Every structure is written in C-alpha cells, then in structure tokens.
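# Structural description and commentary
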Amino acid sequence: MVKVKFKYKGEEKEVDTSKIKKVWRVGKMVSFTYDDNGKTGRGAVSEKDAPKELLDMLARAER
C-alpha cells in the first residue's frame, strides 16, 4: 500500500508497491517493472525521491 509516483516519457504516473515486480539500481535511479493489470509496465524514480518501501524492495532484490 505504498505509492510510487513516477514520470514516464513526460507523463505523470503512479503505481503501488504491491504491483511492482522487478527493481534495479541504475546509478542514482531505481528502475522498475510493474504489472498494470494484464500487461507489464516500466518506470523509474531517483533514489532520493523514492519511498522507503521501494528502497527496501531494492535492498531485498540485492539479497
């Protein structure tokens, strides 16, 4: 129930933490995939603007 607000190609978008599948660390940024209903979608936020739950998911994915 944590919401990640991200800009994709100049369009403001929002995806809940529960919908996110893959999270990666790319430089200063957190790039990710989520499940927009049947399809998969992609987005990214900077690590500075990221909510705590997203960053915890990132750390989990780095084991």
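For the protein chain, the PDB entry supplies the name DNA-binding protein 7d and the organism Sulfolobus acidocaldarius DSM 639. Here is the UniProt Subunit comment for the protein chain, exactly as written: "Monomer." Taken verbatim from the UniProt record of the protein chain, the Subcellular location comment is "Cytoplasm".

Here the focus is the overall build of the protein chain. Counting secondary structure elements, the protein chain contains one helix and five strands. Counting from the amino terminus, helix and strand elements in the protein chain follow one another as β-β-β-β-β-α. At 11 Å, the protein chain has a C-alpha radius of gyration in line with the 11 Å of a compact globule built from 63 residues. A separation of at least 24 residues holds for 32% of the contacts in the protein chain among residues at least 6 apart in sequence.

Phi is positive for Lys9, which is not a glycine, with a value near 55 degrees. Summarising the element assignment, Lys9 is placed in the loop between β1 (3-8) and β2 (11-16). At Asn37, a residue that is not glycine, the phi angle is positive and equals roughly 50 degrees. Turning to its location among the elements, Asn37 is positioned in the loop between β4 (29-36) and β5 (39-46).

Another aspect to go through is the side chain of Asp16. Position of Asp16 relative to the elements: it lies in strand β2. Notably, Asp16 is buried but unbridged: the nearest opposite-charge side chain belongs to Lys19, and the N-O separation is 5.3 Å. Of the polar contacts made by the side chain of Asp16, one reaches the backbone nitrogen of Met1; its length is 3.5 Å. At 2.8 Å, the side chain of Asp16 and the backbone nitrogen of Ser18 are in polar contact. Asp16 has contacts with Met1, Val2 and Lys3, leaving out every residue within four places of it along the chain.

Oppositely charged side chains can form a pair if their charged atoms are brought close together. Inspection of the entire model under this criterion finds four salt bridges. Measuring nitrogen to oxygen at the nearest pair gives 3.8 Å for the salt bridge that ties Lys3 to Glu14. Pair noted here: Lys3 is in strand β1 and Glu14 is in strand β2, with a separation of 11 residues, a long-range link. Measuring nitrogen to oxygen at the nearest pair gives 3.3 Å for the salt bridge that ties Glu62 to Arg25. Here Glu62 is found in the segment after α1 (52-61), whereas its partner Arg25 is found in strand β3 (residues 20-26), with 37 residues between them in sequence. Among the residues examined, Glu62 registers a relative accessible area of 41% and is labelled partly exposed. Judged by its relative accessible area of 44%, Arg25 falls in the partly exposed class.

The rules behind these values
Residues numbered from 1 in each chain as written, not as in the entry; some residues may be left out. Part of a larger assembly, values for the part shown. Heavy atoms only, no water. Residues with missing side-chain atoms left out of burial classes, pairs and counts. UniProt positions renumbered as here; feature names shortened; annotations may be inferred. Helix = DSSP H or I, 4+ residues; strand = E, 2+ residues; numbered from the N terminus. Rg over C-alpha atoms; globule rule 2.2 N^0.38 Å. Contact = heavy atoms within 4.5 Å. Buried < 20%, exposed > 50% of the residue type's maximum accessible area, 1.4 Å probe, protein only. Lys, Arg positive; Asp, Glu negative; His and termini not counted. Salt bridge = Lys/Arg side-chain N within 4 Å of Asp/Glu carboxyl O. Polar contact = N/O pair within 3.5 Å; in protein donor to acceptor, adjacent residues only side chain to side chain.

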